[PDB]
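Heavy-atom basis, side chains included; hydrogens, waters and symmetry copies ignored. Throughout, numbering of the chain's residues begins at 1 and tracks the sequence.
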Amino acid sequence: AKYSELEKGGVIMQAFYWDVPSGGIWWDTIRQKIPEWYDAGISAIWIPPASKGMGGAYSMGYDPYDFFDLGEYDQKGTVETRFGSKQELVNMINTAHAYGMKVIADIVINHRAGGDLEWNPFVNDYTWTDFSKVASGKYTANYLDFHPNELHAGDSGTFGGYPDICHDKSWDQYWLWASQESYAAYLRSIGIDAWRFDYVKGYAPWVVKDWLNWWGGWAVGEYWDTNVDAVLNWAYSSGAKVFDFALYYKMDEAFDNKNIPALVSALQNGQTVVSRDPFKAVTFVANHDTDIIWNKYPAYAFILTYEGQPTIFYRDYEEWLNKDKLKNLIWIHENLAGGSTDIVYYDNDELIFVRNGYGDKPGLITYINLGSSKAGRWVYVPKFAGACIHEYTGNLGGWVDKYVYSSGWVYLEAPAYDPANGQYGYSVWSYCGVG
Ligand SMILES: OC[C@H]1O[C@@H]2O[C@H]3[C@H](O)[C@@H](O)[C@@H](O[C@H]4[C@H](O)[C@@H](O)[C@@H](O[C@H]5[C@@H](O)[C@@H](O)[C@@H](O[C@H]6[C@H](O)[C@@H](O)[C@@H](O[C@H]7[C@H](O)[C@@H](O)[C@@H](O[C@H]8[C@H](O)[C@@H](O)[C@@H](O[C@H]1[C@H](O)[C@H]2O)O[C@@H]8CO)O[C@@H]7CO)O[C@@H]6CO)O[C@@H]5CO)O[C@@H]4CO)O[C@@H]3CO
Ligand SMILES: OC[C@H]1O[C@@](CO)(O[C@H]2O[C@H](CO)[C@@H](O)[C@H](O)[C@H]2O)[C@@H](O)[C@@H]1O
Ligand SMILES: OC[C@H]1O[C@@](CO)(O[C@H]2O[C@H](CO)[C@@H](O)[C@H](O)[C@H]2O)[C@@H](O)[C@@H]1O
Ligand SMILES: [Ca+2]
Ligand SMILES: [Ca+2]
Ligand SMILES: [Ca+2]
Ligand SMILES: [Ca+2]
Ligand SMILES: [Zn+2]
């Protein structure tokens, strides 16, 4: 990749959103975007589930039917998945790899859908658990492979009305990851580097742990909970990273309501994943399931300058926000951001913090202003004592340097928040002459 790799905390692009254009053109669409994402500093792409789903040509992938049909068997009324053919998928992966970018597959293994009806002794009724017809001929299944069964009635959670998979059955382990013939092995064989596990609240962390024992690779789990204790417990149990939903709702509370103290308080009190373990937190401003933050500029300024591993939402980058402003923030993340963090000042509409630097990365000062007027303030930032500092976004109207006195004091400024008029409500500073 152009800067940091995925394994080194590099920026991730979520390469989709809910109900992307059907017509089997999305792998190709993504493939065409990657040279640009590369130039932008993106380290890896998270793609939607690739298998043939119950919904066939219009499935978003979260109702998997034939795990080993990546869009090449005529099934569920289509050959290709919503996103394209197996060949197109392979092509995109190959392109990604030509640009030193990694591909993170979306793994949906809580449940399955589109099975035929069959008598189920354990339920004393009929269930849609007959998967004998799968065209790949791999990982057929029946009622024994779902809950409830002879082993037990159920597990930590279910999703939709979809048959709920019993990972405790040898057959299911073998086919999903525990063999050279498994679904994991198959993805890995076509170049999948890394993993995003869907709805990990639905089954035990040992599943993900054993998957990673077999296959390795960077991994994140979607554990949708604001309870940081429960999220991290799962992260440490599974060995995987976790999406920071806690931060997400806190950024909404703060940036959409001029209530920055709600964010600061959550950071200080360990009520975000990132402020408790920045090596586990995968941060984001929106995803395909939820998009409640209207005030995205400060939210992106935050996650691209603060600790953690940030994700860019496809729609935000490609449609809704100023792409060049995001490229800039990605540049800042990869060239300046590093080190521990100190909050320098905050109130209802202002947030200033310093990153103290680490390795090659000098560190930085971020200044978020939610107010409708330009903001300026004396702040004590001893990290930069006696140094020329330069503003790296251009948000103050051009080239701006300032001098941090030996005393540690500087008069820092941030533009008004008024995006309609090119005023984006943040400035970012570091030593002069970095790049
Ligand atoms: O540089 C990449 C990075 O940038 C961000 O990280 C910053 C933090 O957010 C910020 O708080 C500060 O980190 C400090 C930290 O919070 C303190 O607790 C302390 O760290 C101690 C201590 O916690 C202790 O455990 C030990 O650390 C050891 C490990 O225990 C050991 O296993 C190994 O660590 C490796 C990992 O285990 C691998 O997973 C791997 O990690 C990477 C991440 O997963 C990743 O997302 C990314 O990190 C960024 C992060 O998300 C940002 O928020 O890149 C990774 C690095 O390649 O690889 C490593 C290394 O081989 O070894 C380490 C020590 O090197 O001892 C600690 C102190 O040495 O102190 C700090 C530092 O101030 O600063 C950073 C860095 O910018
Ligand atoms: O278990 C999947 C595994 O089988 C291999 C060959 O050993 O590929 C076969 O199965 C794939 C999935 O249905 C087919 O697409 C492929 O054409 C077929 O040879 C491995 O490639 C794969 O990992
Ligand atoms: O790193 C190899 C190996 O370590 C595990 C934990 O067993 O994951 C750790 O390392 C990852 C990459 O550095 C981190 O992202 C992860 O959070 C951490 O637990 C395995 O998953 C991985 O195969
Ligand atoms: Ca196609
Ligand atoms: Ca389940
Ligand atoms: Ca909101
Ligand atoms: Ca104020
Ligand atoms: Zn079970």
Report yes if the distance between the aromatic ring centroids of [X] and [Y] is under 6.0 Å, otherwise no.
| X | Y | result |
| --- | --- | --- |
| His390 | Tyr392 | yes |
| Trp206 | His167 | no |
| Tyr424 | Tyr417 | no |
| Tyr314 | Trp26 | yes |
| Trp211 | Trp195 | yes |
| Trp224 | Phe243 | no |
| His111 | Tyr203 | no |

Report the C-alpha distance between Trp37 and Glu318 in whole Å, list the side-chain angles of each, state the deciding distance to 0.1 Å, and finish with yes or no for side chain to side chain donor-acceptor pair (under 3.5 Å).
-> CA-CA 10 Å; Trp37 290 348; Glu318 290 291 335; 2.9 Å; yes

For the student: nearest non-hydrogen atoms of [X] and [Y], plus distance:
| X | Y | answer |
| --- | --- | --- |
| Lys258 | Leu370 | CA-CD1, 3.8 Å |
| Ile352 | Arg377 | CD1-CD, 4.0 Å |
| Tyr38 | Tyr99 | CD1-O, 3.3 Å |
| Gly191 | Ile93 | O-CG2, 3.7 Å |
| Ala416 | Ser372 | CB-O, 3.4 Å |
| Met54 | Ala113 | CE-CB, 3.6 Å |

Between the side chains of [X] and [Y], is a donor N or O closer than 3.5 angstrom to an acceptor N or O?
| X | Y | result |
| --- | --- | --- |
| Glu350 | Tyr367 | yes |
| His97 | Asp193 | yes |
| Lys325 | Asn395 | yes |
| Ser22 | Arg82 | no |
| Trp214 | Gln180 | no |
| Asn421 | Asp418 | yes |
| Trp399 | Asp401 | yes |
| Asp172 | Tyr139 | yes |
| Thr158 | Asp164 | no |
| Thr29 | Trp27 | no |
| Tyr345 | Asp347 | yes |
| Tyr300 | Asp316 | yes |
| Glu181 | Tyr174 | yes |
| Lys241 | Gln309 | yes |
| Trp46 | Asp106 | yes |

Does a side-chain N-to-carboxylate-O contact under 4.0 Å join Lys8 and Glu334?
-> no

Give a yes or no on whether a salt bridge exists between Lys52 and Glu80, defined as a side-chain N under 4.0 angstrom from a carboxylate O.
-> no

[options] screened by side-chain contact (heavy atoms from CB on, under 4.5 Å) with [X], the one that passes:
| X | options | result |
| --- | --- | --- |
| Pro310 | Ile12, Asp244, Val282, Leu304 | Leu304 |
| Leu89 | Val103, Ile47, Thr81, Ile192 | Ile47 |
| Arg315 | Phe16, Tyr17, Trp18 | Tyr17 |

Look at the side chain of [X] and the backbone N and O of [Y], then say whether any donor-acceptor pair between them is shorter than 3.5 Å.
| X | Y | result |
| --- | --- | --- |
| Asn369 | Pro415 | yes |
| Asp63 | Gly55 | yes |
| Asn257 | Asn259 | no |
| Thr311 | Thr283 | yes |
| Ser427 | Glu413 | yes |
| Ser238 | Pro205 | no |
| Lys383 | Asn356 | yes |
| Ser275 | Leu267 | yes |

Out of curiosity, [X] [atom1] to [Y] [atom2], how far, rounded to the nearest 0.5 Å?
| X | Y | atom1 | atom2 | answer |
| --- | --- | --- | --- | --- |
| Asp28 | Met92 | CG | CE | 9.5 Å |
| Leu326 | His333 | CG | NE2 | 13.5 Å |
| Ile303 | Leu329 | CD1 | CG | 9.5 Å |
| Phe384 | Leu412 | CZ | CG | 10.0 Å |

Partner residues of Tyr249 under the ring-ring contact (aromatic ring centres under 6.0 Å, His included) criterion, sequence neighbours left out |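 Counting only residues at least two positions away or on another chain, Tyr249 forms no ring-ring contact (aromatic ring centres under 6.0 Å, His included).
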
How about [X] and [Y]: do any of their side-chain heavy atoms sit closer than 4.5 Å?
| X | Y | result |
| --- | --- | --- |
| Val428 | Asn328 | no |
| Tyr380 | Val344 | no |
| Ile104 | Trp218 | yes |

Would you please name every residue forming a side-chain contact (heavy atoms from CB on, under 4.5 Å) with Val264, sequence neighbours left out?
-> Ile260, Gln268, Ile343, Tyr346, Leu351

Partners meeting side-chain contact (heavy atoms from CB on, under 4.5 Å) with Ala1 (sequence neighbours left out) | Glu5, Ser43

Under the ring-ring contact (aromatic ring centres under 6.0 Å, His included) criterion, do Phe255 and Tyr297 qualify, and how do the steps go?
-> CA-CA 9 Å; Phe255 300 144; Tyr297 282 113; over 10 Å; no

Is the NZ or CZ atom of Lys76 positioned over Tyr65's six-membered ring, under 6.0 angstrom from the centre and within 45° of the axis?
->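 Yes, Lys76 sits over the ring of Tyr65.
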
List the steps, then state whether salt bridge (charged side-chain N to carboxylate O under 4.0 Å, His left out) holds for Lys250 with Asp252.
-> CA-CA 5 Å; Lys250 286 302 172 173; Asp252 179 65; over 6 Å; no

Tell me whether the rings of [X] and [Y] are parallel (<30°), tilted (30 to 60°) or perpendicular (>60°).
| X | Y | result |
| --- | --- | --- |
| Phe302 | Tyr306 | parallel |
| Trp234 | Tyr223 | tilted |
| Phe284 | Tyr248 | parallel |

